[PDB]
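[1] Take these chains first, placed just as they are in the complex:
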Amino acid sequence: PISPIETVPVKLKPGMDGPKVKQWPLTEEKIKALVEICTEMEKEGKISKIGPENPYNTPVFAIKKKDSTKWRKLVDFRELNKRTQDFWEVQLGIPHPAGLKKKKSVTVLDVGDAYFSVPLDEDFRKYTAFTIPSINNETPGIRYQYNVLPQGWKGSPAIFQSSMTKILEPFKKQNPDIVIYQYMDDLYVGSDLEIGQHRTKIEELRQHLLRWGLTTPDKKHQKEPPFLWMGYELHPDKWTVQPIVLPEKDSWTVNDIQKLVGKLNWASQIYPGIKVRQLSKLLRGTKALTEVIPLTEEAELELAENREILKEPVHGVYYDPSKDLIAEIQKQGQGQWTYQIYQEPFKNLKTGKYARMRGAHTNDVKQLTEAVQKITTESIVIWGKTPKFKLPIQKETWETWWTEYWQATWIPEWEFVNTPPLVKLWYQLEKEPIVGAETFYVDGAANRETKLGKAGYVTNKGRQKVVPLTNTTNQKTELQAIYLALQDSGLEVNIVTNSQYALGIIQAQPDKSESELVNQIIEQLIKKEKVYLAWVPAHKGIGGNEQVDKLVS
């Protein structure tokens, strides 16, 4: 009569045994409800009773998160998950509707309790045993097992995905005109058939799924648009985020701020211009998770901007294979960028933001290379093709950067678009000493045992200044010496450091850094006209290096 589905073997850990633990007593009402549900499932056939032949069991708790007091049942499978054949879940990426193709007729099927339809392993049902105390624990417990895939277990989603793929592969082979994306519970089906032919095809697929006993309620089976699919309301010509509302709190505490940040990030997929940097800045320095952090002026400005963007709803569009993907990036400043992956003017297919700070001393060109890399990899994942960027950077600047930077970088393809704030090199250093500039010999020295040191410069003309400072590390003493040498002279200056660490920062050409010292050096170097630095082996009798070293000794 019915078509069974073959099992997939599982096993425990070699040498390690199964779960032997028990829980603590629950509320009498919750216990009675759970008992009713379990008896109902037993008389349905999913669950069978356990005799003395299976001594050890697994604890089971009660939850009410669904609705208010639904008495929804879940089992503490922790020990079991700690001790069984590790699995390789091959389907982990969540689909994105941007890549959906414009099917003239769409229908969404929802499978009810389909995790419970697939069977389990005979050998492992002994370890999939749980027991519930009687009503108010009058009797110590009633012991049960699962002859189906348990909800909340290591391999449950993997085995379910494999089983559904096995079931649906023949149907997909049958018709090469119908697309049937599925992620877990949902079963989107879409085709370019007529309004009646598509309905007949879906009816036949539903009967074909009833052949193995899968049940799909008509109430959950969507009929007319819109179709709410895994959080994205799919209209015939426009996907859209399911509408959300942000809290209107006046005493914002840490977790409320975190929820605001999360919802803003989640809504960033379609709303262009969302910024969260300064909003997240409050979270730095976690001290107390109960108190209320005041909303600084910058945070409230960013929050107001997010709200005024979120007032109006904006809708994306489906991908069309016959057109070419074009992306864009705008520089919001402070380390925030925006995506406008599209195919036609003013018809977005996706939108996002890049805000990660990678490196303690980086600049605009490096961050625009991390931005385009992220766009490229995400576009590969979601579309299979790399888009045609529309870069803000200018060809001359990009060439001058990539032909001279020590690593290797590459940007796939782009045309320069004129839209400020442009990305450009704030200051370009010199590679050869110039004629008509001074020469500063600087050096930093300090001791770890003293937490104090002296730094100074000895120019060619004899000018000298030794400024003693404490609590500043050696790399910092050197950085201070470079700062002094910059501050003393004019627009042009030749500076001859003796430190290996120092020069790396200045040559990297940062525009921003964590250290205020480095930020001051950047300010000075932007102010100057033509600066040339130079290295010199420390402690080798080289000109003024040892002359200032003896003074700062």
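    That came in fine, so what should we check first? Numbering: from 1, shown residues only, chains lettered A, B, ... in the order given.

[2] which residues sit against the one helix or strand residue A:477 maps to?
    Applying DSSP states H and E as the criterion places residue A:477 in helix A:474-488. Contact partners of helix A:474-488, identified using CB atoms under 8 Å, 6 or more residues apart in numbering, comprise A:440, A:442-446, A:453, A:455-457, A:459, A:463, A:465, A:467, A:469, A:472, A:493, A:495, A:497, A:499, A:501-502, A:505-506, A:515, A:517-518, A:520-521, A:524-525, A:528, A:531, A:533. Bear in mind the C-beta positions are built from the backbone N, C-alpha and C, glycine included.

[3] which residues sit in contact with residue A:97?
    A:229, A:232, A:234, A:239, A:316, A:318.

[4] Please list the members of the contacts of helix A:474-488 that lie in strands.
    A:440, A:442-446, A:453, A:455-457, A:465, A:467, A:469, A:493, A:495, A:531, A:533 (DSSP state E).

[5] Pull out the buried members of these.
    Buried by 16 or more other CB atoms under 10 Å: A:440, A:442-446, A:453, A:455-457, A:493, A:495, A:531, A:533, out of the ones in strands among the contacts of helix A:474-488.

[6] okay if I get these as a markdown table plus distance to residue A:71?
    Formatted as a markdown table, these follow (distance: CB to CB, whole Å):
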| residue | distance to residue A:71 |
| --- | --- |
| A:440 | 78 |
| A:442 | 74 |
| A:443 | 75 |
| A:444 | 70 |
| A:445 | 73 |
| A:446 | 68 |
| A:453 | 69 |
| A:455 | 71 |
| A:456 | 77 |
| A:457 | 77 |
| A:493 | 77 |
| A:495 | 75 |
| A:531 | 73 |
| A:533 | 72 |
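
[7] Enumerate the positions of the helix holding residue A:477 that are buried.
    Buried, per 16+ other CB under 10 Å, within helix A:474-488: A:474-486.

[8] Tell me what angle that helix forms with strand A:464-470.
    With axes from the mean of the first three to the mean of the last three CA atoms, to 10 degrees defining the directions, helix A:474-488 sits at 140 degrees from strand A:464-470.

[9] add chain B to the structure above:
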Amino acid sequence: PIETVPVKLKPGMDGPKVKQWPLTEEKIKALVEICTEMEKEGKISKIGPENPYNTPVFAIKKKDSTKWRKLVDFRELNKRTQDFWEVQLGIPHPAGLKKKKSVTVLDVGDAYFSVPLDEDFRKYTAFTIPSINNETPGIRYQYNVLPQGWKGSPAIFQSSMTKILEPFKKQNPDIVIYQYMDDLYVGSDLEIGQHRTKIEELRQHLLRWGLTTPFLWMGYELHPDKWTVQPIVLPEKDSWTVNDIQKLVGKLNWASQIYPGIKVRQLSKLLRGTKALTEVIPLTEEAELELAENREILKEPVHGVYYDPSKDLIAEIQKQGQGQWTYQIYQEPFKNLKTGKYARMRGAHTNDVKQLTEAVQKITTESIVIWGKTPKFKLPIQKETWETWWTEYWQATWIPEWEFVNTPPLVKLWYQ
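    Below is chain B, added to the chains above:
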């Protein structure tokens, strides 16, 4: 039918579990077509979800070819495959291959398809074919024969390959043959015509053996005789400024860890005054003496550098601008084995990732010919762009183990 050879692994160390990087649409299409055909011919059989094992897979179009060839990364399996280094199936390395007029490579990888793989160890060659937009789950598969890329495949095929090689080697003792992975390295001191004729003969012999018992017509040429370790040379000059004098002192220090013969005391004495960089310091008699002696020492070839069979090989790379790269193979941070320099090529004049890819291939091929262990790279590139773009310009069939570096060397010591 070659009887199956049981294969063990390291005691108490599980097999390969590596994530699958996303792939483009054309590569996915080619990969799935190849996999379906290979299942039709019984080489690969679909596998279930109980496997806690996975290795990546990439599709690469090889040189002068139009059909993609499936390449499966096997680095984790090779590193954890035990006993195969000490099993006598390993090949002794011919020390005469370094000195030969020409070397040609052959695609004898397809010949491994005819030997069944051990069934107990079979669970470890699992690989997944991803899907675009996560439409479907991974289309998992598993070899049924010897894989292409595992360090044990040539080791197991040694016997059947020697049974074919010995007649040719016995007939012609001049030709030396070496085999690494899927590749046959064959060379001779003959001219181009004689070398090509002998290689034709060899390929005809292999094809006739296959008849009796991705393009098979491909051929790549190499010339080991045009490789010389390059000592660093100091700049030639007679009028010297303070900046140039001090940067040459810096270069001498940079060379102080390579040799113990460089003397810097006199030229340090020349820089006791705190003069401006632009100021011109004429060189003195003692300065010229030290400079000439040091230049002679630098011309003198490196000494104390020796191979250690139990240590790995490290191949640093420094970008020198205008499409110039360098490389320094070594085993101990001072005793460099073979330095070098890779000049620019044609077609990659605006592609640093491409140039680094070609440099990687040329370094690995060289090191295989010279010693037979590929070096552990230290690439000067961003990890994410590398992982995203190395496939589209890679055309080899073996993958070395690379680590990335983010600290700037800030050296022109090697750039002359």
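
[10] now that chain B has been added, could you go back to the contacts of helix A:474-488?
    A:440, A:442-446, A:453, A:455-457, A:459, A:463, A:465, A:467, A:469, A:472, A:493, A:495, A:497, A:499, A:501-502, A:505-506, A:515, A:517-518, A:520-521, A:524-525, A:528, A:531, A:533 (CB atoms under 8 Å, 6 or more residues apart in numbering or on different chains).

[11] Among these, which ones lie close to chain B?
    For chain B, the contacts drawn from those by CB under 8 Å from any CB of the partner chain are residue A:459.

[12] which residues does the most centrally placed residue in chain B contact?
    By CA atoms, centre = their mean, chain B has its centre lying nearest to residue B:364, at 1.9 Å. Applying CB under 8 Å, 6+ apart to residue B:364 gives the contacts B:374, B:375, B:396, B:398, B:400.

[13] which pair in those residues spans the largest distance?
    B:375 and B:396 (14.0 Å; CB to CB).

[14] Counting neighbours, go ahead and name the busier of these two.
    residue B:375 (27 against 19; other CB atoms under 10 Å in any protein chain shown).

[15] wait, the more buried one sits on residue B:313?
    Yes. Contact criterion CB atoms under 8 Å: residue B:375 and residue B:313 qualify, at 3.6 Å.

[16] Common neighbours of the two, please.
    Counting by CB under 8 Å, 6+ apart, the residues touching both residue B:375 and residue B:313 are B:329, B:367.

[17] so where's the longest strand in chain B?
    Longest strand in chain B, counting by DSSP E: strand B:325-332.

[18] Just the helices from the chain, written as ranges.
    Chain wasn't specified; assuming chain A. Remark: helices assigned in chain A by DSSP state H are A:28-44, A:78-82, A:156-174, A:195-210, A:254-267, A:277-281, A:297-310, A:364-383, A:395-402, A:474-488, A:500-508, A:516-527, A:544-552.

[19] could you do chain B instead?
    B:25-40, B:75-80, B:152-171, B:192-212, B:242-254, B:265-269, B:285-299, B:352-370, B:383-389.

[20] For these, give me CSV that also has distance to residue A:105.
    Formatted as CSV, these follow (distance: least, CB to CB, whole Å):
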stretch, distance to residue A:105
helix B:25-40, 25
helix B:75-80, 46
helix B:152-171, 50
helix B:192-212, 53
helix B:242-254, 71
helix B:265-269, 84
helix B:285-299, 78
helix B:352-370, 44
helix B:383-389, 37
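
[21] throw DNA strand C on there as well:
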DNA sequence: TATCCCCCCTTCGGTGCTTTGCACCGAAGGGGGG
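    So, slotting DNA strand C in with the rest:
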């Protein structure tokens, strides 16, 4: 006092010399969405 996946942040813990402060990776745990 349930499981599993993507992504977005921050904290602390390991690396490597970048030498012991500094830069730079890697999970732990915090939320969003399934």
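
[22] now that DNA strand C has been added, could you go back to the contacts of residue B:364?
    Taking CB under 8 Å, 6+ apart, one finds B:374, B:375, B:396, B:398, B:400 in contact with residue B:364.

[23] before we move on, what about residue B:334?
    B:257, B:258.

[24] Could you do the one 5 residues further on as well?
    Contacts were defined as CB under 8 Å, 6+ apart; by that measure residue B:339 touches B:229, B:230, B:231, B:326, B:327, B:328, B:329, B:414.

[25] same thing with residue A:365?
    Here residue A:365 is in contact with A:393, A:397, A:398, A:401, A:423, A:425 (criterion: CB under 8 Å, 6+ apart).

[26] Do I have it right that the third one meets residue A:409?
    I take that to be residue A:398. No. Counting by CB under 8 Å, residue A:398 sits too far from residue A:409 to count as a contact (9.1 Å).

[27] if we can go back for a sec, between the contacts of residue B:364, which is closest to chain A?
    Compare each of the contacts of residue B:364 with chain A using CB to the nearest CB and the shortest gap goes to residue B:400, at 17.3 Å.

[28] re earlier: what helices or strands is the longest strand of chain B leaning on?
    strand B:314-319, strand B:335-338, strand B:341-342, helix B:352-370 (3 or more CB pairs under 8 Å, 6 or more residues apart in numbering or on different chains; DSSP states H and E).

[29] Okay, buried residues for it please.
    B:325, B:326, B:327, B:328, B:329, B:330, B:331 (16 or more other CB atoms under 10 Å in any protein chain shown).

[30] before we move on, what about stretch B:335-344?
    So, applying 16+ other CB under 10 Å, buried residues of stretch B:335-344: B:336, B:337, B:338, B:339, B:340, B:342.

[31] what sits against the closest residue to the second one other than its chain neighbours?
    If you skip the residues right next to it in sequence, residue B:337 has residue B:329 as its closest partner in space, 4.8 Å away by CB to CB, 6 or more residues apart in numbering or on different chains. Contact criterion CB under 8 Å, 6+ apart gives B:313, B:314, B:315, B:336, B:337, B:338, B:339, B:363, B:367, B:375 as the residues in contact with residue B:329.
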